[PDB]
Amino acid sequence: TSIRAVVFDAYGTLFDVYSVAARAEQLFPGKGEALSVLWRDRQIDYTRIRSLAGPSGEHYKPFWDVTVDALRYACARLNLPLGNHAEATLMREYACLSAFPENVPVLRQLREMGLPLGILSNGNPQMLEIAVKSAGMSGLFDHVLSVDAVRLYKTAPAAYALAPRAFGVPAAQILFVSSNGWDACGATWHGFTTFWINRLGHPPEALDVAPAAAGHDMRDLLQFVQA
């Protein structure tokens, strides 16, 4: 079926989270890769635990505050000295990230081939908006969407449903792009055409579903559309 719009996940897709791991190392020598791993794990675990526990948003909390919670748990567990300064510093780092250098032109070869572009993110909008301004992609997106509108995190249907609504098109006609295998898979269940930017070369998730195609980077995504 014909793509008529293309929606992106934020972190790891549009925005390289790398710079947080590197700054963790500096505050916590020898413990950066461990913190950053544990922190991402719990950040995601907490969004799922919450949305699963309250399928109508009973336990929702914005992604920012969930990210603080996860960072705090990870430091306590890993026995790291995280008080106000080191916390503020890592969160600042989180607020303002940079793009994968390949992205911004590829977005143009799509904008130019007549394609509306959006972001759909677990990110609360307050953090999603500045995050976008770090990277020079202001203007490229028609819609910048947050699961905060529905108080439910991916893979919840109400989160995926935001993009058909904003674009005025069925899921089947939106190309859904994510770095996270679980999310490409969840989007495929919802009925999008999906592309998985598998940056670390991992296996497909064993979820009995597969995205339409996958590649290694954003420029592989361009390849695929043009075909």
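The first residue of the sequence shown is number 1, and the count goes up from there.
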- Select between 48-56 and 25-33 the stretch whose C-alpha atoms have the higher average B-factor in the entry. 25-33
- Task: Return whichever of 99-107 and 81-89 has the greater mean Cα B factor according to the PDB record.
- Result: 99-107
- In terms of CA temperature factor as recorded, identify the highest of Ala156, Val150, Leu120, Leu128. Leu128
- Message: Quick check for you: using the entry's CA B-factors within this chain, is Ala74 in the lowest, middle or highest third?
- Response: lowest
- Note on the structure: The third of the chain into which the C-alpha temperature factor of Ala206 falls is the lowest
